[PDB]
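Participant:
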Amino acid sequence: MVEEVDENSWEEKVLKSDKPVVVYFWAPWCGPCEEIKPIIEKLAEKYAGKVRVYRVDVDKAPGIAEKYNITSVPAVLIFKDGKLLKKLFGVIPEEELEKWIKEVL
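Residue numbers (the authors' numbering): 1 to 105.
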């Protein structure tokens with residue numbers, strides 16, 4: 001359910017979305033990304049058709065990571081209508097992340 005987004009598709013998928021967008025930043029070398037991965041997948045399914053959930057491998061898209069000052073992973077950013085609303089870094093409780101998704105709905 002959680003599709004990768006990059007520099008090429010970022011404008012159309014993230015910035016031009018009609019629904020809020022959650023972007024999960026991860027890296028194959030990051031242990032804690034294994035901990036949060038099932039949370040991201042669960043919320044993508046729960047909110048399907050309400051928010052879009054995308055992922056960015058920071059090694060594949062280092063320009064996106066630099067643009068949004070993704071200075072560690074895992075990180076989750078929440079956008080609405082082209083505007084960044086919240087940055088969350090680290091392993092934070094799933095109820096916290098869900099609370100922020102509900103705020104944009």
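Just so it is clear, CB atoms sit at the ideal spot from N, CA and C, and this is done for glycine as well.
Exposed or buried, which one is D59 when buried takes at least 16 other CB atoms within 10 Å?
Facilitator: Within the sequence shown, the letter at position 59 stands for residue 59. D59 is exposed by the Cβ-count criterion.
Participant: State the DSSP-derived secondary structure class of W100, mapped to helix, strand or coil.
Facilitator: Residue numbering aside, residue 100 sits at position 100 when the sequence shown is read from its first letter. In this structure, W100 counts as helix in the three-state DSSP scheme.
Participant: For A48, does the three-state DSSP call read helix, strand or coil?
Facilitator: In the sequence shown, counting from the first residue as 1, residue 48 sits at position 48. In the structure shown, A48 sits in coil (DSSP, three-state: anything other than H, G, I, E or B).
Participant: Just verifying my parser: in three-state terms, what is the DSSP assignment at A75?
Facilitator: Taking the first residue of the sequence shown as position 1, residue 75 is located at position 75. Three-state result, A75: strand.
Participant: With distances taken Cα to Cα, identify the nearest neighbour of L84 among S17, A44, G90 and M1.
Facilitator: One-based indexing of the sequence shown puts residue 84 at position 84. With distances taken between Cα atoms, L84 lies closest to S17.
Participant: Could you work out which residue in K102, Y24, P62 and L105 is closest to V91 when comparing CA atoms only?
Facilitator: What you label residue 91 is simply residue 91 of the sequence shown in a count that begins at 1. Considering only alpha carbons, the answer is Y24.
Participant: Taking Cβ positions, are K50 and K19 nearer each other than 8 angstroms?
Facilitator: For the purposes of this step, residue 50 is taken as the residue at position 50 of the sequence shown. For the purposes of this step, residue 19 is taken as the residue at position 19 of the sequence shown. In this structure, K19 lies closer than 8 angstroms to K50 by Cβ.
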